[PDB]
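First up is the structure itself, then whatever we jot down about it.
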Amino acid sequence: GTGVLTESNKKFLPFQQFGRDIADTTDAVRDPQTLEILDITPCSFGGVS
Amino acid sequence: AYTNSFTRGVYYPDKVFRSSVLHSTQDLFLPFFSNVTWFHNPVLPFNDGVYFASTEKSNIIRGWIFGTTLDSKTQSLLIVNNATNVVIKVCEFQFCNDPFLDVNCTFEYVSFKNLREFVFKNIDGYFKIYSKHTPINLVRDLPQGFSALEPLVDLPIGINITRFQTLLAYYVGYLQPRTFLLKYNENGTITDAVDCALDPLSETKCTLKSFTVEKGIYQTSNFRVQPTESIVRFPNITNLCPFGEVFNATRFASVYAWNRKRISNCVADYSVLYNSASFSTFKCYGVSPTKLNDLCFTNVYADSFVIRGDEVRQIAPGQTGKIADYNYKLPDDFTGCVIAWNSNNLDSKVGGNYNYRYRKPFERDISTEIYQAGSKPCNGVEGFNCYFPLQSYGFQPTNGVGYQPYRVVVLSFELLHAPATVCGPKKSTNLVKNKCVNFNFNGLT
Amino acid sequence: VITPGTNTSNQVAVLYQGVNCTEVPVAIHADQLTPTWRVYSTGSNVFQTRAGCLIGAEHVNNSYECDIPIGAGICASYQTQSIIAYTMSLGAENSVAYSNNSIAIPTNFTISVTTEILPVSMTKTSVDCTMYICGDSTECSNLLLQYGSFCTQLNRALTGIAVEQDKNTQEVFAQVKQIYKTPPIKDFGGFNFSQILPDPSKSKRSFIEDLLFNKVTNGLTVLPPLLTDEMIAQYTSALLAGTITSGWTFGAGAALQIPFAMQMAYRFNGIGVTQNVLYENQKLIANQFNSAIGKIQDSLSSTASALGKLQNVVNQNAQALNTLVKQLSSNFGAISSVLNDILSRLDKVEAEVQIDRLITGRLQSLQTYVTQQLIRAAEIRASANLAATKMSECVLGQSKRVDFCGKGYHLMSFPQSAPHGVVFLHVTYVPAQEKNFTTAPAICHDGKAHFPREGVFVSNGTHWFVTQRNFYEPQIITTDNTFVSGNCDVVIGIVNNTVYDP
Amino acid sequence: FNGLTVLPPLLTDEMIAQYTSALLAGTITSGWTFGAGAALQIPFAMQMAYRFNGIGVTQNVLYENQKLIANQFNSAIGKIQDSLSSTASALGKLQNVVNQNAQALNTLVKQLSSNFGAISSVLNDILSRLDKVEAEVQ
Amino acid sequence: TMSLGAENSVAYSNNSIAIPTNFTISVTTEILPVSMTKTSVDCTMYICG
Amino acid sequence: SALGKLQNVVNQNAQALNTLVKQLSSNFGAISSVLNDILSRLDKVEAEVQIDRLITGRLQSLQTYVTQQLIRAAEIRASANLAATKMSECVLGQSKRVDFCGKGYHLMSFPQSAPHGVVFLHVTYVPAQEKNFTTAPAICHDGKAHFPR
Ligand SMILES: *[C@@H]1O[C@H](CO)[C@@H](O[C@@H]2O[C@H](CO)[C@@H](O)[C@H](O)[C@H]2NC(C)=O)[C@H](O)[C@H]1NC(C)=O
Ligand SMILES: *[C@@H]1O[C@H](CO)[C@@H](O[C@@H]2O[C@H](CO)[C@@H](O)[C@H](O)[C@H]2NC(C)=O)[C@H](O)[C@H]1NC(C)=O
Ligand SMILES: *[C@@H]1O[C@H](CO)[C@@H](O[C@@H]2O[C@H](CO)[C@@H](O)[C@H](O)[C@H]2NC(C)=O)[C@H](O)[C@H]1NC(C)=O
Ligand SMILES: *[C@@H]1O[C@H](CO)[C@@H](O[C@@H]2O[C@H](CO)[C@@H](O)[C@H](O)[C@H]2NC(C)=O)[C@H](O)[C@H]1NC(C)=O
Ligand SMILES: *[C@@H]1O[C@H](CO)[C@@H](O[C@@H]2O[C@H](CO)[C@@H](O)[C@H](O)[C@H]2NC(C)=O)[C@H](O)[C@H]1NC(C)=O
Ligand SMILES: *[C@@H]1O[C@H](CO)[C@@H](O[C@@H]2O[C@H](CO)[C@@H](O)[C@H](O)[C@H]2NC(C)=O)[C@H](O)[C@H]1NC(C)=O
Ligand SMILES: *[C@@H]1O[C@H](CO)[C@@H](O)[C@H](O)[C@H]1NC(C)=O
Ligand SMILES: *[C@@H]1O[C@H](CO)[C@@H](O)[C@H](O)[C@H]1NC(C)=O
Ligand SMILES: *[C@@H]1O[C@H](CO)[C@@H](O)[C@H](O)[C@H]1NC(C)=O
Ligand SMILES: *[C@@H]1O[C@H](CO)[C@@H](O)[C@H](O)[C@H]1NC(C)=O
Ligand SMILES: *[C@@H]1O[C@H](CO)[C@@H](O)[C@H](O)[C@H]1NC(C)=O
Ligand SMILES: *[C@@H]1O[C@H](CO)[C@@H](O)[C@H](O)[C@H]1NC(C)=O
Ligand SMILES: *[C@@H]1O[C@H](CO)[C@@H](O)[C@H](O)[C@H]1NC(C)=O
Ligand SMILES: *[C@@H]1O[C@H](CO)[C@@H](O)[C@H](O)[C@H]1NC(C)=O
Ligand SMILES: *[C@@H]1O[C@H](CO)[C@@H](O)[C@H](O)[C@H]1NC(C)=O
Ligand SMILES: *[C@@H]1O[C@H](CO)[C@@H](O)[C@H](O)[C@H]1NC(C)=O
Ligand SMILES: *[C@@H]1O[C@H](CO)[C@@H](O)[C@H](O)[C@H]1NC(C)=O
Ligand SMILES: *[C@@H]1O[C@H](CO)[C@@H](O)[C@H](O)[C@H]1NC(C)=O
Ligand SMILES: *[C@@H]1O[C@H](CO)[C@@H](O)[C@H](O)[C@H]1NC(C)=O
Ligand SMILES: *[C@@H]1O[C@H](CO)[C@@H](O)[C@H](O)[C@H]1NC(C)=O
C-alpha cells in the first residue's frame, strides 16, 4: 500500500495480522519483526482551487 | 445415534482484525441446530470437512488418523497430543486400527467438567485445523450457546482425506457451504453469529445486516416453482444418414465444379465422424462439434471436392481468391463444419493426377471457357491476353504436403424453422402436462 | 417476511407475493427442490389473500387500525400472542348531528403546539474520477484519455450539486436583515420561551436545538457547508427574537416593538376571535402554551424515531458512497479487479484488452452514482423551497392557508435548527367544548328583517342572542349588532323577536 | 410474466370511495370546521352565508336569492355529467399516466429480442449450440 | 470570517409600541426562467455519420 | 448580473451541445475517431470491431446528454409552475402571503417579458419614520373595560 504508517492501539488477537475498514479497505497491520500494530492512514489528496 | 448442534462450530474465517462490525461471509460452516452423530473406535467418512468435539480430561482421546485407506498404501495423516506436545506427521505409516496401549514422511511437527472442540478441512491441498477448550457442567449434551473456534494449523500436505478415525464421550458433524453474519465486538473478537438460511427471520437479519430488526415487512427472497421432470419430444424417424456414402465415395469432384449431397429424413450420429482419427481438420463455426449429437436440423448439405492442401485457408467464412471466389466460397455467417484429410494414399497419381483442377457464397461455374483477359477476341484459342481458365494440380505420389491432394467435405446445416428432418440420436420421452417441466422439442429447450 | 420487531417477539409470518396457495407449500417452499427457503407444509396456518399466499398469520374478522401494511386493504398486527391479519378500518364512523335549525358553538378552547421537520441540504461531495478509475497507474490513465470529456462532465455535474446545497441553506435561514436580539427582562405576559431561546452557557443553541443535534446519528472528497452550525443557530436566534419582540413587523421594513400580550391579541383577532377573549383569559392561555412546550421536550426525548425525514438523508449518502467504493472490487469480466495483477501477469496487448474492462465498469459505475445524486438533489431542493416558503409565511407572518402551518387555526410559529434540515414549532388555536343551540338566518322585528353584522343568532330555547362564530359569548340583539334588509316575506326560516334600540 | 411483476395498491378503490364520501359529508354538514377540530353541525344555507362574507358579498344577498342560487348550482352539477359522459378526452391527464407506463414496460420487454451482436436473442440457443468456453463470449 | 449582518436590540417593554408615521412605495424586480431551447438530435445521423 | 438566472439558462444548453459535439472526435479505443478512415483502410470483418467501439462510445455519450436534459427540463418546469402561480396571485389579484409577491406589504405587480423568462415589478408599501408611544391593552371608564374596535 501507500500511506502514513502510524503507531496504534487496535488490540489484535495473537493470530490476527492485519485489519479492515467497514468498506473493506485495509487500515491496520502488524509489523512482522516487532509484533506491535500500525494504523495505515491514506496520503493526502484534494482539489487545488 | 444423534444430538443437537445448537450454535456450535463457528470458527474465525480469516486472520483479519475487525472492530465492532456485523461482517458477512460465505464459507464451509456447521449449520445451526443440525443433527450431530454421538459416540461413547469406528472409521468415519470425512465428506467436505468435519466438526469434532469431546468431553475429556484423561487424554485417552490421544488424537486422530486421516487419509483414503488410513494404512500402508499412501502418505497419511497421524496426529497425537502426547502430553509433551501436539505431534504431527504425514508418513506412509504401517499401523492397524489401534496401535496405542490398553488405555516417505514429507512433513512432521511438534507443538467430564472439561470439553475440547475442533474443525478439520482441506482446500487446495492445505489441511487446516481450528480449536477451542472450555470448562462445562452439563456434559450430558453438546453445550448450548456460542463461542468461536480459532486456528492452529494450515499446511500444504496435499493428501486427499476421505476417511478418518479417533485414537484411544465425543460427537461428529459436517461442514456445509452457507452464508453467515458474524458479530465482531469492539475488541476484534467474534461473539455471535446468524445462520442466514435457518428461518425467514434469519434471512431478514442477513438482508438488513443486523441482529435486531424493527417492526415491519421486508423482502428477503424470490420464489420460483421448479421443474418436476424433463421431456424430450423429437421426430420419430427410423432411417440412418448416408455418411459412409458421402465420405468413402470412389472419387470426389474438382474444387472448381464441387459436388453437393442433401441429407434429409434420417438420424445423424456425428460422433461417427468427430471421434474418427482420420480427419486432418474438423473446423466447426456456428456450432461447437461436441454439441452436434444434441441439436436438430431442417436439412444438411455435404458440399464436397478434392483440393490441394495449401488452399484449405480459403475454405473458411467470407474468404476471397482463386479457391474461394473462383471455386467455392463460404458465407460470412457459415453454420457448419469443414472436415478434411490428406488423401495422398488414394488421390495421388504416379506423377500428376491432372484431372483435379482449379481456376460468390455457394457459387459454382462448371465452364472451362477461356479467360478473354484483354482486348483480343480469343475465339477458343490461347495466346497473349487469352488463357485457359483451369490450372491443373500436379498430384504426384511424393509431393510436399502443401502440394498433396486433400479430400474435403463441408457440412452446411439448415437450422430449425420448418420441422425436424436431420436429427441427433436422442430418445423421445412420454409427455406431461399441467405440472412444471423442463422440455426439449426438436432441440428447442 | 412480516415481523413484530425482534425487540417484541421472534414470531414471523411470510407472504408469497402474487403466488396462489395451491402452488406455494408444494414448490420451492415445501415438497419440491427448495434452495434457502426451507420447508413447512403449514408454518401454523395458510390463508389466501388478494396480495398473495399468506402463511403463519392468523385471519381475524375485527377491523383494527393498520399496524403493518400488506396490500389490497389487508394489514397484520401482533396481538392476543400471534400475528393476526385483517381487513383494515379507516376510522371510527360518525353521523354528524345535522338539522336545518341547529348549530354547535365552542364554549372553550385549547392552544396546541405541533412539530414539522424538513430536509434542507445533502453532503457536499466531489470525486477525482481519474484517481477513482486508475489509482495512479500510468497505463490505465493513458487508456482513459481515449474517452474524452467523461471525466470532466462528471465533475461539472457534482459541482452543480455542491454549490446548490449552500444556496438551499442560505435561502431557508437568511430571511432576516439584522441579528435582532432578546431583551434582558422576560415579561412576555406569562409565556416561557426559555426552552427555545439560546442557552448562552453551551455552541449557543437552544435546549430543543441540542435535543435535535443529539438525536440525528479513496478518490472521494467531502466539502464543508458555507455556513457553520454556529452561524445557523444565530439566524434561528434572530428569527425567534424578532417574532417575540416585534410580531410580523420585522418581515416588512424595520422591527416595531410591541408588548407580547397585545401581539397575541392581534393573532386572535386574525382568526375571528374577539380580542377581549384573550385579555380576559391571558393566564389560562399562557398556562396552556407553557405546558405544551414541555410536551415537545418529552416527545423528542422519548424516541429517536421522530427525525426519520432528516436521518434518512444522512443514511442515503452513506449508502451511496459505500456502494461506490465497494464497486472497485468487482471483476466486470476482467482476470483480476486489482490493476497491478493484470500489469504483472500479462503481456501489454493482453493487459490493455483486460484493463479496458475495469475502466468501462468503473466508468459505468461512476455515471450511475452521479445520476442518482442529480435526482436526489432535485428532491431535496423541492423540500428546501417548501421550507423557505414555510418560514416566509408562517414565521414572518400568520398564514390563513388551512393546514399549511400545522393543524387547527394558525397563530404563530418558531424555527429551531437541526442537522441537514429545519424544525418548526407551529402554535395553533383549536376550539374544544361545544354546545348545541337553536338558530335562525334572520330576525323579524317591526316587519323589518334584521341580520347580524358579525357572528350568528342563537337561542337557549327561551331567549335569543347574537354571538361570534368561534367562541360562545352571548349578547343582546340590538340595532348595533345587526343591520336591516327587506322584510319577513323573502327569507326562509326567519323568526320573530324584539330587536332592542339603545 | 417475463420477470416483470405488478403489485396491488395499499388502499382498494372502495376505501378511497369511503374517504371521498367522508370529506364530502363533513363539508356538507359542518363547513370548514371539521378541518380545524370536531365537525360542528351548521344549517347548509347558513354555511353559504359564511362563504359569501368570505368574498365581500353581504349575506342578505344570499337569503334574498336562495331559491335562484340553489337552482343555479343544481343545474351546474347536471352539466358536469353531460361533459364527462360526452368527452373521454377530458381525462387526458390520467390516461397519459397509464399510456406512458404501458409503453415503458413494452419497450423494456421488446428489448429482449435485440442481438447486441450475439449469435441469438434467445439465451438457450447459445447454451445449446456452443460449448462453454465459446458460449461465455456471446 | 463572514458577517451575518448588524445586530439590534429591539426596545421591548410591557407598555411600549412603535407606530410608523410615513411610508415608501417600493418596486422590487423578480426574474424567473420559463423555457429551454427546443432541441432534437437524430441518433441515426449523429452516431453513424 | 441581475439577469444571471436567465443568462445561466442560455449558458447551460450551449455547454451541453458543445460537449455532445466534441465527443464525436474521441477514439473510444478505435484506431481513428473519423468513420471514413476505418471504412477506407479496412476490410469489413476488421472494420466492424472498430465501428462497434465508435457506436458504443457515441451511444453512451448521447444517453448521458438526454438524461441531463430530462433532469434540467424538470427543474425549468418547476420554475414555470412557480411563475404561472405568481402571475395569477400577484398580477390578477393582491396576495397576502408574506414575501411571496416581493418584500413589504404587497399592493400589485406588473409583468414584463424577457428572453427564456418573465420579469415582475412587484409594487409594495413599506412603513417608515416610526415613533415610540406608551400603550395599554384596554381602558377602564365607569368601572367597565373598553377595547378598541
Ligand atoms: C451466377 O452468375 C454470376 C455471373 O453472371 C456468377 O458470378 C461470380 O461471382 C464471384 C463473386 O461473387 C466471382 O468471383 C466470379 O468470378 C463470378 N463468376 C464468373 C464466371 O464471372 C455467380 O457465381 C453465379 N451464381 C452461382 C450460384 O454460382
Ligand atoms: C376551559 O378549559 C380549561 C382546560 O383547558 C379549564 O381549566 C381547568 O379547569 C378545572 C376545573 O374545572 C381545573 O381542575 C384544571 O386545573 C383547569 N386547568 C387549567 C389549565 O387551568 C377551564 O376551567 C375551562 N373554562 C371554562 C370557563 O369552563
Ligand atoms: C421557564 O420554564 C423552565 C422549564 O421549562 C423553568 O426552568 C426549570 O425549572 C425547574 C424547576 O425549578 C428545574 O428543575 C429545571 O432545572 C429548570 N431548567 C432550567 C434550564 O433552568 C424556568 O424556571 C421557567 N422560567 C420562568 C420565568 O417561569
Ligand atoms: C336563557 O337565557 C336567559 C338570559 O340569561 C335566561 O333568563 C334569565 O334567567 C335567570 C334565572 O335562570 C333570571 O335570574 C334572569 O332574570 C333571566 N333574565 C331575563 C332577561 O329573563 C333564561 O333563563 C335562559 N333559559 C334557559 C332555558 O336556560
Ligand atoms: C310574527 O308576528 C306577526 C304579527 O306581528 C305574525 O303575523 C300574524 O300571524 C297570525 C297567525 O299566523 C295571522 O293570523 C295574521 O294574519 C298575521 N299577520 C300578518 C300581518 O301577517 C307572524 O305570524 C309571526 N311570525 C312567526 C314566525 O311567529
Ligand atoms: C340574474 O340572472 C339570472 C340568469 O343568470 C336570472 O334568472 C333567470 O330569470 C329569467 C326571468 O328574468 C327566468 O326566465 C329564468 O328561468 C331565470 N333562471 C334561473 C336559473 O332561475 C335572474 O332573473 C337575474 N336577476 C336579476 C335581479 O336580474
Ligand atoms: C527479529 O529479530 C530482532 C532482533 O534481531 C528481534 O527484536 C525481533 O523481536 C525478532 N522478531 C521475530 C518475529 O523473530
Ligand atoms: C434431525 O433434526 C430434526 C430437527 O432439526 C429432528 O426432528 C430429527 O429427529 C433429527 N434426526 C434424528 C435421526 O434424530
Ligand atoms: C512426545 O513426543 C516426543 C517426540 O515428538 C517424544 O520424545 C516424547 O517422549 C513424547 N512424550 C510423551 C509423554 O509421550
Ligand atoms: C515412498 O514413495 C515411493 C515412490 O516415490 C514408494 O515407492 C514408497 O513405497 C514410499 N514409501 C513407503 C514407506 O511406502
Ligand atoms: C486427489 O484425488 C483426485 C481423484 O479423486 C486426483 O485426481 C488427484 O490427483 C489427487 N491429488 C493428490 C494431491 O493426491
Ligand atoms: C477488551 O479487552 C480488554 C482486556 O484485554 C478489556 O479490559 C475490555 O473491557 C475489552 N473491551 C471490549 C469492548 O470488549
Ligand atoms: C469408411 O470405411 C471404413 C472401413 O473401410 C469405416 O471404418 C469408416 O467408418 C467409413 N467412414 C464413415 C464416415 O463411416
Ligand atoms: C419493544 O419496543 C417498545 C418501544 O418501541 C418498548 O416499549 C418495549 O418495552 C419493547 N419490548 C420489550 C419486550 O422490551
Ligand atoms: C388458485 O388455484 C386454484 C387451482 O389450484 C384455482 O381454482 C383458484 O381459482 C386460484 N385462486 C385464485 C384466487 O386465483
Ligand atoms: C370470520 O367470519 C365468518 C363470517 O363472516 C366466519 O364464518 C368465520 O368462521 C370467521 N373466522 C374467524 C377466524 O373468526
Ligand atoms: C346535539 O343534539 C343531538 C340531538 O338533537 C345530540 O344527538 C348530539 O349529541 C348533541 N351534540 C352535542 C355536541 O351536544
Ligand atoms: C326544517 O326541516 C323540516 C323537514 O324538512 C321542515 O319541516 C321545517 O319546516 C324546516 N325548518 C326550517 C327553518 O327550514
Ligand atoms: C414623508 O416622506 C416624504 C418623502 O418620502 C417627505 O417628503 C414627506 O415630507 C414626509 N411626510 C411626513 C408627514 O413626514
Ligand atoms: C424608542 O425608545 C427606546 C427607549 O425606550 C430607545 O432605545 C429607542 O432608540 C427609541 N426609538 C426611536 C425610533 O425613537
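Residue numbers start at 1 in each chain; chains themselves are named A, B, ... in the order of the C-alpha cells; ligands are numbered from 1 in the order shown.
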Please list as a compact mmCIF listing (two decimals) with N, CA, C and O atoms, in the first residue's frame every residue within 12 Å of range 7-20 of chain E, counting only C-alpha atoms and excluding residues in the same chain fewer than 5 positions away.
# COMPACT_ATOMS: atom_id res chain seq x y z
N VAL C 176 -33.66 37.10 7.46
CA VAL C 176 -33.63 38.25 8.37
C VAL C 176 -32.50 39.22 8.01
O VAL C 176 -31.37 38.82 7.74
N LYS C 177 -32.81 40.52 7.97
CA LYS C 177 -31.86 41.56 7.56
C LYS C 177 -30.80 41.91 8.61
O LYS C 177 -29.72 42.38 8.26
N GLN C 178 -31.10 41.71 9.89
CA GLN C 178 -30.23 42.04 11.02
C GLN C 178 -30.39 41.00 12.11
O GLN C 178 -31.44 40.39 12.26
N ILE C 179 -29.36 40.81 12.94
CA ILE C 179 -29.41 39.90 14.07
C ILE C 179 -30.14 40.60 15.22
O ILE C 179 -29.53 41.19 16.11
N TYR C 180 -31.47 40.58 15.18
CA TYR C 180 -32.27 41.02 16.32
C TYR C 180 -31.93 40.18 17.54
O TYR C 180 -31.71 38.98 17.41
N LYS C 181 -31.94 40.78 18.73
CA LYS C 181 -31.65 40.04 19.97
C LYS C 181 -32.55 40.41 21.15
O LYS C 181 -33.10 41.51 21.22
N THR C 182 -32.73 39.45 22.03
CA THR C 182 -33.76 39.40 23.07
C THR C 182 -33.50 40.42 24.19
O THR C 182 -32.34 40.58 24.57
N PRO C 183 -34.52 41.07 24.76
CA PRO C 183 -34.35 41.90 25.95
C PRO C 183 -33.82 41.10 27.16
O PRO C 183 -33.98 39.87 27.22
N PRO C 184 -33.21 41.76 28.15
CA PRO C 184 -32.70 41.11 29.35
C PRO C 184 -33.85 40.65 30.26
O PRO C 184 -33.86 39.50 30.71
N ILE C 185 -34.85 41.51 30.46
CA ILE C 185 -36.14 41.19 31.08
C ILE C 185 -36.93 40.18 30.23
O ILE C 185 -36.74 40.09 29.02
N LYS C 186 -37.81 39.40 30.87
CA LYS C 186 -38.57 38.31 30.24
C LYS C 186 -40.08 38.42 30.51
O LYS C 186 -40.80 37.42 30.60
N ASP C 187 -40.59 39.63 30.64
CA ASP C 187 -42.01 39.95 30.83
C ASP C 187 -42.80 39.84 29.50
O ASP C 187 -43.44 40.78 29.03
N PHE C 188 -42.79 38.65 28.91
CA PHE C 188 -43.67 38.27 27.80
C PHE C 188 -45.05 37.83 28.30
O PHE C 188 -45.55 36.77 27.94
N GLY C 189 -45.67 38.60 29.19
CA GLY C 189 -47.06 38.41 29.63
C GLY C 189 -47.39 37.10 30.34
O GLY C 189 -48.57 36.81 30.53
N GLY C 190 -46.40 36.29 30.71
CA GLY C 190 -46.58 34.96 31.31
C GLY C 190 -46.08 33.80 30.45
O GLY C 190 -45.96 32.68 30.95
N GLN C 234 -27.37 31.22 15.02
CA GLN C 234 -27.56 32.67 15.17
C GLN C 234 -28.73 33.17 14.33
O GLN C 234 -29.52 33.97 14.82
N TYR C 235 -28.93 32.66 13.12
CA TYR C 235 -30.13 33.02 12.37
C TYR C 235 -31.40 32.50 13.02
O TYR C 235 -32.35 33.27 13.13
N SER C 237 -31.83 32.09 16.24
CA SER C 237 -31.96 33.06 17.33
C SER C 237 -32.56 34.39 16.85
O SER C 237 -33.52 34.86 17.45
N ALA C 238 -32.07 34.97 15.76
CA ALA C 238 -32.56 36.25 15.27
C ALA C 238 -34.02 36.19 14.82
O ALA C 238 -34.82 37.04 15.21
N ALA C 241 -36.10 35.90 18.08
CA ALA C 241 -36.10 37.16 18.82
C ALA C 241 -36.93 38.25 18.14
O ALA C 241 -37.64 38.99 18.80
N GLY C 242 -36.90 38.32 16.81
CA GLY C 242 -37.77 39.21 16.06
C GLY C 242 -39.24 38.91 16.33
O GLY C 242 -40.01 39.80 16.69
N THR C 243 -39.63 37.63 16.24
CA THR C 243 -41.01 37.18 16.42
C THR C 243 -41.55 37.50 17.80
O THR C 243 -42.68 37.95 17.93
N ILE C 244 -40.75 37.29 18.84
CA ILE C 244 -41.12 37.58 20.22
C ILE C 244 -41.26 39.08 20.47
O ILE C 244 -42.20 39.52 21.11
N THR C 245 -40.32 39.89 19.99
CA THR C 245 -40.27 41.32 20.33
C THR C 245 -41.08 42.23 19.41
O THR C 245 -41.33 43.37 19.79
N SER C 246 -41.46 41.79 18.21
CA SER C 246 -41.98 42.69 17.17
C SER C 246 -42.99 42.07 16.20
O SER C 246 -43.33 42.68 15.18
N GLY C 247 -43.49 40.87 16.47
CA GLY C 247 -44.52 40.22 15.66
C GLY C 247 -44.07 39.91 14.24
O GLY C 247 -42.96 39.46 14.01
N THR C 249 -43.77 42.41 12.10
CA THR C 249 -43.35 43.71 11.55
C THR C 249 -41.94 43.68 10.98
O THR C 249 -41.70 44.28 9.94
N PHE C 250 -41.02 42.90 11.57
CA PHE C 250 -39.67 42.73 11.05
C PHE C 250 -39.60 42.04 9.67
O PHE C 250 -38.55 42.03 9.04
N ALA C 252 -41.51 43.21 7.13
CA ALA C 252 -41.91 44.27 6.21
C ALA C 252 -41.37 45.62 6.70
O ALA C 252 -42.00 46.32 7.48
N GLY C 253 -40.16 45.98 6.26
CA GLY C 253 -39.44 47.12 6.83
C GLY C 253 -38.85 46.81 8.21
O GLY C 253 -38.56 45.66 8.53
N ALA C 254 -38.60 47.84 9.01
CA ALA C 254 -37.91 47.72 10.29
C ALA C 254 -38.78 47.14 11.41
O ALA C 254 -39.99 47.36 11.43
N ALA C 255 -38.19 46.42 12.37
CA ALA C 255 -38.91 45.87 13.50
C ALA C 255 -39.51 46.97 14.40
O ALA C 255 -38.81 47.90 14.79
N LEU C 256 -40.78 46.82 14.78
CA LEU C 256 -41.50 47.73 15.67
C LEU C 256 -41.80 47.01 16.99
O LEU C 256 -42.45 45.96 16.96
N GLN C 257 -41.35 47.50 18.14
CA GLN C 257 -41.63 46.79 19.39
C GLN C 257 -43.11 46.82 19.73
O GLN C 257 -43.79 47.79 19.42
N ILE C 258 -43.61 45.78 20.39
CA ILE C 258 -44.99 45.70 20.88
C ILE C 258 -45.06 44.77 22.10
O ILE C 258 -44.35 43.77 22.10
N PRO C 259 -45.89 45.01 23.12
CA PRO C 259 -45.99 44.12 24.27
C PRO C 259 -46.56 42.77 23.85
O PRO C 259 -47.53 42.73 23.11
N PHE C 260 -46.01 41.65 24.31
CA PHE C 260 -46.35 40.36 23.71
C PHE C 260 -47.83 39.99 23.84
O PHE C 260 -48.42 39.45 22.91
N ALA C 261 -48.50 40.35 24.93
CA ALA C 261 -49.93 40.10 25.08
C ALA C 261 -50.75 40.80 24.00
O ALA C 261 -51.68 40.22 23.44
N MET C 262 -50.40 42.03 23.62
CA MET C 262 -51.08 42.75 22.55
C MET C 262 -50.78 42.15 21.18
O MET C 262 -51.67 42.07 20.34
N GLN C 263 -49.58 41.65 20.95
CA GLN C 263 -49.30 40.88 19.75
C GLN C 263 -50.20 39.65 19.67
O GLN C 263 -50.79 39.39 18.62
N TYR F 125 -45.81 48.46 -0.29
CA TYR F 125 -45.84 49.53 0.70
C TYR F 125 -44.91 49.14 1.85
O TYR F 125 -45.04 48.05 2.41
N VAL F 126 -43.96 50.00 2.19
CA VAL F 126 -43.02 49.77 3.28
C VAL F 126 -43.14 50.91 4.28
O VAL F 126 -42.92 52.06 3.89
N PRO F 127 -43.49 50.66 5.55
CA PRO F 127 -43.64 51.71 6.54
C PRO F 127 -42.29 52.31 6.96
O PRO F 127 -41.26 51.63 6.91
N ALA F 128 -42.28 53.56 7.40
CA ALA F 128 -41.08 54.31 7.78
C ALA F 128 -41.37 55.39 8.83
O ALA F 128 -42.52 55.70 9.14
N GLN F 129 -40.31 55.98 9.39
CA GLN F 129 -40.36 57.03 10.42
C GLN F 129 -41.26 56.66 11.61
O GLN F 129 -42.25 57.33 11.88
N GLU F 130 -40.97 55.56 12.29
CA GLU F 130 -41.72 55.19 13.48
C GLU F 130 -41.42 56.08 14.69
O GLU F 130 -40.31 56.56 14.87
N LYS F 131 -42.43 56.27 15.53
CA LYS F 131 -42.33 56.96 16.82
C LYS F 131 -42.69 56.02 17.95
O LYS F 131 -43.58 55.20 17.79
N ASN F 132 -42.01 56.15 19.09
CA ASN F 132 -42.34 55.41 20.30
C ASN F 132 -43.56 56.02 20.99
O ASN F 132 -43.68 57.24 21.08
N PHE F 133 -44.41 55.19 21.57
CA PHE F 133 -45.54 55.62 22.38
C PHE F 133 -45.72 54.70 23.57
O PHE F 133 -45.45 53.50 23.50
N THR F 134 -46.27 55.24 24.66
CA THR F 134 -46.80 54.41 25.74
C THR F 134 -48.14 53.83 25.31
O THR F 134 -48.92 54.51 24.65
N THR F 135 -48.44 52.59 25.68
CA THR F 135 -49.68 51.89 25.30
C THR F 135 -50.21 51.01 26.43
O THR F 135 -49.48 50.66 27.35
N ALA F 136 -51.49 50.65 26.36
CA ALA F 136 -52.15 49.73 27.27
C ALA F 136 -53.18 48.90 26.49
O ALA F 136 -53.73 49.40 25.51
N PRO F 137 -53.48 47.66 26.88
CA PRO F 137 -54.38 46.79 26.12
C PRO F 137 -55.84 47.26 26.13
O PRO F 137 -56.56 47.00 25.17
N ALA F 138 -56.27 47.93 27.18
CA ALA F 138 -57.66 48.29 27.43
C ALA F 138 -57.75 49.58 28.25
O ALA F 138 -56.78 49.94 28.92
- prompt: If you run DSSP on this backbone, which residues of chain F come out as helix (DSSP H, G or I), and could you give them as a count of residues only?
  reply: 77
Expected answer as JSON, numbers by chain: chain D residues within 12 Å of chain C, only C-alpha atoms: {"D": [1, 4, 5, 6, 7, 8, 9, 10, 11, 12, 13, 14, 15, 16, 17, 18, 19, 21, 22, 25, 26, 27, 28, 29, 30, 31, 32, 33, 34, 35, 36, 37, 38, 39, 40, 41, 42, 43, 44, 45, 46, 47, 48, 49, 50, 53, 58, 59, 60, 61, 62, 63, 64, 65, 66, 67, 136, 137]}
Identify, on the basis of only C-alpha atoms, every residue whose closest approach to residue 328 in chain B does not exceed 8 Å; exclude the query and any residue fewer than 4 positions from it along the same chain; express the result as a CSV table (one decimal) with N, CA and C atoms, in the first residue's frame.
chain,number,residue,atom,x,y,z
B,255,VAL,N,-12.5,-29.0,-57.2
B,255,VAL,CA,-12.9,-27.8,-56.4
B,255,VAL,C,-13.6,-26.8,-57.3
B,256,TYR,N,-13.3,-26.7,-58.6
B,256,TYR,CA,-13.9,-25.7,-59.5
B,256,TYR,C,-15.4,-26.0,-59.8
B,258,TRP,N,-17.5,-28.3,-57.7
B,258,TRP,CA,-17.8,-29.1,-56.5
B,258,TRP,C,-19.1,-29.8,-56.5
B,315,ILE,N,-10.9,-22.1,-47.6
B,315,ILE,CA,-12.2,-22.8,-47.2
B,315,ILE,C,-12.6,-22.4,-45.8
B,323,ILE,N,-9.3,-20.2,-55.0
B,323,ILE,CA,-10.0,-21.3,-54.3
B,323,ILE,C,-11.4,-20.9,-53.8
B,324,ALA,N,-11.5,-19.7,-53.3
B,324,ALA,CA,-12.8,-19.1,-52.8
B,324,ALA,C,-13.7,-18.6,-54.0
B,360,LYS,N,-18.8,-16.4,-55.4
B,360,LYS,CA,-19.9,-16.0,-54.5
B,360,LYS,C,-20.2,-17.0,-53.5
B,361,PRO,N,-20.9,-16.7,-52.4
B,361,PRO,CA,-21.3,-17.7,-51.4
B,361,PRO,C,-22.1,-18.9,-52.0
B,362,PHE,N,-21.5,-20.1,-51.8
B,362,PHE,CA,-22.0,-21.3,-52.5
B,362,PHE,C,-22.2,-21.1,-54.0
B,363,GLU,N,-21.4,-20.3,-54.7
B,363,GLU,CA,-21.3,-20.2,-56.1
B,363,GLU,C,-20.5,-21.3,-56.8
B,364,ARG,N,-20.8,-21.6,-58.1
B,364,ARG,CA,-20.2,-22.6,-58.9
B,364,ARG,C,-20.3,-22.2,-60.4
